[PDB]
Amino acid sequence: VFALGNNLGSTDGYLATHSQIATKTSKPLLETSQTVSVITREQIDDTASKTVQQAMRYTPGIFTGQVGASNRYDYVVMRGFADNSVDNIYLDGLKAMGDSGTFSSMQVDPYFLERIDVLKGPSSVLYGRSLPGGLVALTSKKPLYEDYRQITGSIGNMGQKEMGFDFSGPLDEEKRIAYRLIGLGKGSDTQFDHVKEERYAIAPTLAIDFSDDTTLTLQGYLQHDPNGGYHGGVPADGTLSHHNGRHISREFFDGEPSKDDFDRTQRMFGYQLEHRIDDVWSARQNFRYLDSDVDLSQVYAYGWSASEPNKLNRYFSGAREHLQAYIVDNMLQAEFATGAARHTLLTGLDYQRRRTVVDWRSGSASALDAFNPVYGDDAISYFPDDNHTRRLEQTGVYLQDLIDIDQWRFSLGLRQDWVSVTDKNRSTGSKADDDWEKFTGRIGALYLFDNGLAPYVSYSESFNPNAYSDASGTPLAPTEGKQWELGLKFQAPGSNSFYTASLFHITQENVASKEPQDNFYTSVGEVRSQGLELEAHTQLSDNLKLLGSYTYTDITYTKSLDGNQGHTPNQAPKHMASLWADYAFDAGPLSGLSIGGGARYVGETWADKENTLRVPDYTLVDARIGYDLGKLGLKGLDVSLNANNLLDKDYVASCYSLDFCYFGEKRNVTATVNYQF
């Protein structure tokens, strides 16, 4: 039923049986030599996660707090590696292709997805450039071959309101052409004064069966965000502590209302072609093109002003960016036997190409009182403009073999990569132009016991182009990740329960390092991240689903010129844990009702790489109640009330440095109505 490039599992409540993310071909999680979590549509809905980042808050090895209550972009820190977290997202097989070094990172609304898979650790062997911590792969909704219709409505605090629809179905008498059309409109004042978020999006999709051997899928995703919510940060002095006498509200807005814009338009046109050649061979081509636009205009705080007492030193930052990008992945796979051994041999060739045109304005703004701001003084005092064109190109050739034999599952992969990047400075004339070729390998071995236990060991690699440069303005060499993972998976034969343990050790080399006086880097640092991840999904009866996680992460700088040579980076909790439970009353008095709840604990973190100051820990509580009106004669209609951060904690979710600390989201309460067919 076509495994190449599909998950092809089966899902039941919060638990899926298979995935494609570690292998690029459907494999049962139990027989897969990597740590892989999967978050279902149902999980996303039950926790009322507004955002792919928020949707990961019950998953071990993941930190969701990088910018606190900001929703503009999706920051997912994996296994301690925060440094280019916007780039961890892949969509229908293919990297998202935002440009991490500009304001043009892309955002996928969760209403368009059906699933989210997380793969832990270095993963370049099938994806090219990526992070040492791993990757997140989103799977979008697809056309259906029986008629389906949903309409959905939401109201909330902070002025939240959402409407959305989702029609799918067969288009022809013979059920070989199918559509899906998904639309939404969405808005929020946030917790923060004078800010809106706003989105309108629509996703059409056509699915065409060609002979008995081919499917073609045409895809669009048009999204427009006329407002970007909030993306500010404030000093730790006055947030984790008192500044002179005061404390700095979690509703505080560091900008100017008359100069705060964030307008993002993102359009994707894509296709997936699946083709069966023989009983042995399959091919598959995935492709997507992205044309984005960002206009941005903001005044933002950078520390206390040194001459004015209770006011924040502030700057301006404008941008107009046009990004155009494309990505294609070609795969050819064979299923054949050599004696006792089953082989699944994959080769493929991918190609990425990205151009981004960026006109950046900047300058200084009047200072602003941090407790009793007076807005209005929006005159900017401009610095020199800074205009660039930026291109990247990556090309990969890769080979994988999955060898099955007796109770062993083995895994081999190689990949050759070619990366070119170039920056034209249209303001000063100058040009950077640099290219690297990289080789990556992965090897895994798992053993599948008769009773449902599956120990596995795995070795694996990543590379990623370095964000930083040397004294001559040349980029540093790419960073290299290497990981040994040792893991244990369990599912009892009968049950719908699943358990996982992973011990891992990751090394990151070529990390940028600077002597504090210097303003240019050298690639001479190293980071080591090791820890333990536990994950439980339990069906305790037919009415009760549980998810449990625990995460121990010891990440430090094992080599650093900055003076931080045994420190833990910021945004890296030593401990995290979570627990979520949904109860659905079967029969009796409360039939149709559902209650669920959860708790998430995040340990203390450092505010700074110097480790001079702690961010306190926090436990947040989320809750829900739902009712199925099908019980009472209105089949398909149901209704829910959700609350995240039920106890309305103030807290600093994290800091990026002592100058930039971020508040966690306050209590968020959404009530929802869905009518199906």
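Throughout, we count residues from 1 along the sequence that is shown.
- Judged by mean Cα B factor in the deposited record, 171-179 ranks above the other of 171-179 and 505-513.
- Mean C-alpha B-factor is higher over 493-501 than over the other stretch, the pair under comparison being 493-501 and 275-283.
- The PDB entry gives the largest Cα B-factor of the residues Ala203, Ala370, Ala325, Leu332 to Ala370.
- The residue among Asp291, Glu437, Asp385, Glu321 whose C-alpha carries the highest B-factor in the deposited model is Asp385.
- The deposited CA B-factor of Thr672 belongs to the middle third of values across its chain.
- In this PDB entry, the Cα temperature factor of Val602 sits in the middle third of its chain's modelled residues.
- When the modelled residues of the chain are ordered by their C-alpha B factor, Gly630 lands in the highest third.
- The deposited CA B-factor of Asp263 belongs to the lowest third of values across its chain.
- When the CA B factors of the chain's modelled residues are split into thirds, the value for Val136 lands in the lowest one.
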